[PDB]
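Here is the naming used below: chain letters follow the sequence lines, and residue numbers restart at 1 for every chain.
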Amino acid sequence: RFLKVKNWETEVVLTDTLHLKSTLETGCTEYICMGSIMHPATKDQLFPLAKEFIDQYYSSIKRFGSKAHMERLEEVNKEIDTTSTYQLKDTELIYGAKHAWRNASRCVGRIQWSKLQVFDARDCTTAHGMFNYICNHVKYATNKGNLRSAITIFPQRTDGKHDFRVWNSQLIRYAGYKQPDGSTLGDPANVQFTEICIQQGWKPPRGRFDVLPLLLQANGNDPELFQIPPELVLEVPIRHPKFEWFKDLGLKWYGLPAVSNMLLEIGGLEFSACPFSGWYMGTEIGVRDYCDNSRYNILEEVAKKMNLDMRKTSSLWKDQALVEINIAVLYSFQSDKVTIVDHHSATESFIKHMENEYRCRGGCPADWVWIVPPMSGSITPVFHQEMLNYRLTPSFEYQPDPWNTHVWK
Amino acid sequence: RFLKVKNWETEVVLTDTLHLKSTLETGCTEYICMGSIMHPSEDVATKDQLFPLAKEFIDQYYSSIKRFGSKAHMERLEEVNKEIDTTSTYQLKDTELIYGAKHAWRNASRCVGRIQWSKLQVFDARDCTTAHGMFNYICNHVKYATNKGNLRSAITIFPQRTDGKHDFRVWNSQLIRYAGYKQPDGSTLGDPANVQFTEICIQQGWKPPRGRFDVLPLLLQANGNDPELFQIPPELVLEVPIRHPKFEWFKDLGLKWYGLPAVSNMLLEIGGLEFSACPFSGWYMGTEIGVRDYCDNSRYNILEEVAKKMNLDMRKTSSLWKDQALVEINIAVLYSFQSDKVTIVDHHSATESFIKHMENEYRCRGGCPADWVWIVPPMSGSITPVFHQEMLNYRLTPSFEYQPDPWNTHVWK
Ligand code: HEM
Ligand code: HEM
Ligand SMILES: Cc1cc(N)nc(CCc2cc(CCN)cc(F)c2F)c1
Ligand SMILES: Cc1cc(N)nc(CCc2cc(CCN)cc(F)c2F)c1
Ligand SMILES: Cc1cc(N)nc(CCc2cc(CCN)cc(F)c2F)c1
Ligand SMILES: C[C@H](O)[C@H](O)[C@H]1CNc2nc(N)[nH]c(=O)c2N1
Ligand SMILES: C[C@H](O)[C@H](O)[C@H]1CNc2nc(N)[nH]c(=O)c2N1
Ligand SMILES: [Zn+2]
């Protein structure tokens, strides 16, 4: 009734008891494992989700079953009778937001989990208010380059008709344009959203790295376009410490990764607009953003200027060019004093974290498929780490795109 | 009953119906996924356990040859059923043996090489009775499979398990491996992965040359008896010296690797029968050597030396000095194997072939069990197509399974 996991590089073994607290499906069964699938209330249903979280919280402050505690257990249960839902105390919102990050199985950055700055935006009511909260988030988090992790939490879902949503998948993305001759300008992953913003009245500059506008939806109304003041959008020009022609590539990338399309679930409530931001692992930019074939796809471009044998795959010209690109990302950010972590430091930090979590908490849900970096996998320590994956609450979940689901006016 | 998988690089979606035939545990539950665990958690079948397993294997063999429900199919079932009832086991026809072996390979969810599953040379060694006999069967396998560098997939199959007390085992984990010697001071000579098995060999009288690339003796076990030592004849062990197309100094490293990878510690399960000794071999993907064998810290661990020779700034990690030297190593391995006309496949060619295979298998067979954590190569993962491919993992039989290390199990005399 316990589970061990081994590190085959170190032969260290850890015992998992924390898993005895999951409930949502993994999607796997004893007959099929779905570890690589990207995606596998009423009166009744809300009470116990709230109940278990309050017990969770009060257990986290020594005072489990305390004289206080039951008054909150009382008050929360009382409020659900009247408003149907209920509202978290500031204490609960901060705990719940920090623990959703703590339980994000796919996040390698979680050693930093309790150093989360929470911004309570639950008094927001209009897209204009949303824009204001988001601008203050970006400015705080960017912090001239000394980035700090933060989340802004907008009002919880109530009936579905009046959701608050950030339609951008991230606060800061570059735009994607369909070129008349079948090709794509900018970031290909963003063609659809970019066409919506254009359809919505955005006047695109139609270059590669055009920062998309914010498309914010408050209280179920139609979304509205807002352009983020550029003085808040910190960007880095990508140069190489060896190749002088590298600056000639015209490459830049922004400094603030901020996820804005996910759903945060605390005690049964559903915060559908909860943008959060950290700082980059270099491979996110170098390997995935620049080198996916469905993204900026610069491998051919870089190897050409490196003059590499591009005919046979066994020359490993893609591998060589990949390493160089990621050297330039990490070097460009460090030269411009913008926070960045390479995949070796990042993965070394996550082994520490797993060690911490097993000692003080008894388990750390982790998704090997996402924690292992997209490059040089086995030379990082997480590659040889067995992990158990299980779903703990509070949690970040996916949700449908608003445009697939929104009935306009 | 109609599970979907998506490729996130191409948007292709495939429909899996084959999963309905799955069986033994994945190791996962609705509450915990174990897809990154390496393993799970007198033991021989009864007449009652065996009847169903055999029937279903026979039913599926006869379905494969478009003879399901035929009189041949019906007599075979009755022949098997009676044999299990009288002898508490049964013997596969040779045709069934070959189909079973090929389909355990087809079914092997961790194998990226499966596009070759049906071109497999099966050697029926079920008439073997002694360790000397095994040595001979293995020598023939090595020579056939090596083929002067034009490698050829093969398996040799020794007698099936009876009561567990009389098993055939190849105590080696692979038929060709380099010895590893721990030292007084904690350093290791050779291959640190093989320190234990080397010590066993030495205990059994093997006189070790104590070198960085010593081919281990074979340690063969017939019919539950004590294992016995045999030296593979060196002329049958094809090796490749590792050099680099650009760095003249790379040969000064003194690297070499053997050409033939051949797994000899697994168990082949066909129709409820267990062939505890079934060495099988193919050809290498370069990353197996150039990433895992040479660059794992618990292995030969040469990144340090190679970076040095490349004059790499190794002060910080964010120089990516390990990444940079790992690439030039794997370039050298591909270049060496190719230079000497020894069959090898790079990780990009191999993953592209496997996507092609996996699609054809959905189309023609209705699914293709795959283990993402093992299919993705341990370098440059996301620039290979398997990284963006959703995969369903389930156990199809016939199958290769892990089994305990024999030295942990065997009782001596
Ligand atoms: C502080 C620096 C951080 C780093 C270096 C980091 C690193 C990463 C990386 C590399 C991924 C993979 C993302 C992808 O491939 O698209 C990821 C996923 C994730 N991170 Fe972090 N992270 C950080 C902070 C945070 C914070 C502050 C939160 C929430 C408050 C968070 C929650 C998540 C979640 C929920 C995912 C899953 C994404 C998904 O399912 O698509 N992370 N993280
Ligand atoms: C023909 C060329 C082949 C190639 C290129 C190939 C490739 C691979 C690779 C790269 C692995 C991962 C191994 C590791 O990281 O330790 C693997 C695993 C495996 N292969 Fe293949 N293989 C080939 C032939 C075969 C054959 C002939 C069989 C059986 C008849 C087979 C059955 C397996 C099995 C059972 C595993 C799982 C190993 C384990 O879980 O320890 N393969 N293969
Ligand atoms: C909090 C956080 C930190 C970090 N270090 N990374 C992320 C993911 C960010 C991200 C992902 C994707 C692709 C998601 N499939 C595109 C982006 F523009 C983006 F910012 C989030
Ligand atoms: C048939 C086959 C083909 C291939 N291409 N690869 C393999 C795995 C072979 C192998 C694995 C390990 C590590 C096992 N823990 C060490 C070896 F020396 C070795 F040959 C098997
Ligand atoms: C998915 C799966 C495939 C297979 N053939 N057999 C099993 C049974 C138990 C088992 C064996 C192995 C080693 C053989 N792959 C790895 C596992 F994760 C595992 F659960 C499971
Ligand atoms: C813990 C983890 O499951 C382990 O390191 C696995 C990961 N993936 C692998 N993939 C392959 N091909 N070979 C391996 O040995 C491993 N090891
Ligand atoms: C198919 C596969 O599950 C999918 O491509 C996953 C694999 N691992 C990943 N890991 C990270 N960090 N990010 C990703 O987008 C993915 N994609
Ligand atoms: Zn699973």
Non-hydrogen atoms of [X] and [Y] that approach each other most closely:
| X | Y | value |
| --- | --- | --- |
| A/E9 | B/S298 | O-CB, 4.5 Å |
| B/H348 | A/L316 | CD2-CD2, 3.9 Å |
| B/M391 | A/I37 | O-CD1, 4.0 Å |
| B/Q324 | A/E324 | NE2-OE2, 2.7 Å |
| A/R288 | B/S382 | CD-OG, 3.5 Å |
| B/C28 | A/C33 | SG-CB, 3.7 Å |

Quick note, side chain to side chain donor-acceptor pair (under 3.5 Å) partners involving residues 19-30 of chain B, not counting sequence neighbours, are B/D16-B/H19

Checking [X] against chain B: side chain, backbone, both or neither under 4.5 Å from a heavy atom?
| X | answer |
| --- | --- |
| A/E348 | neither |
| A/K6 | neither |
| A/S314 | both |
| A/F383 | side chain |
| A/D342 | side chain |
| A/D319 | both |

Between A/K318 and B/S380, does the side chain to side chain contact (heavy atoms under 4.5 Å, CB included) criterion hold? Intermediate values first, please. CA-CA 9 Å; A/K318 290 190 190 179; B/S380 310; over 6 Å; no

Does B/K309 NZ have over 12 foreign heavy atoms under 6.0 Å away? yes

Can you classify the ring geometry of A/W368 versus B/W372 as parallel (below 30°), tilted (30 to 60°) or perpendicular (above 60°)?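 Perpendicular, since the angle between the ring planes exceeds 60°.
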
With a 4.5 angstrom heavy-atom cut-off, could you sort out which part of B/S41 is near chain A: side chain, backbone, both or neither? neither

Taking side chain as everything from C-beta outward and backbone as N, CA, C, O, which of these in B/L326 sits under 4.5 Å from a heavy atom of chain A? Side chain, backbone, both or neither.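 Only the side chain of B/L326 comes within 4.5 Å of chain A.
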
Under a 4.5 Å heavy-atom cutoff, which of [options] has the most pairs with chain B?
| options | answer |
| --- | --- |
| A/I340, A/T313, A/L330, A/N293 | A/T313 |
| A/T283, A/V287, A/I379, A/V369 | A/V369 |
| A/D367, A/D292, A/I32 | A/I32 |

Quick one: pull up CD in A/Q334 and NZ in B/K316 and give me the separation to the nearest 0.5 Å. 7.5 Å

What's the spacing between A/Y31 OH and B/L24 CG if we round to 0.5 Å? 9.0 Å

For the candidates [options], which exhibits the highest count of non-hydrogen atom pairs separated by less than 4.5 Å from chain A?
| options | value |
| --- | --- |
| B/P245, B/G381, B/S36 | B/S36 |
| B/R299, B/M379, B/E390 | B/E390 |
| B/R395, B/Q389, B/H347 | B/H347 |

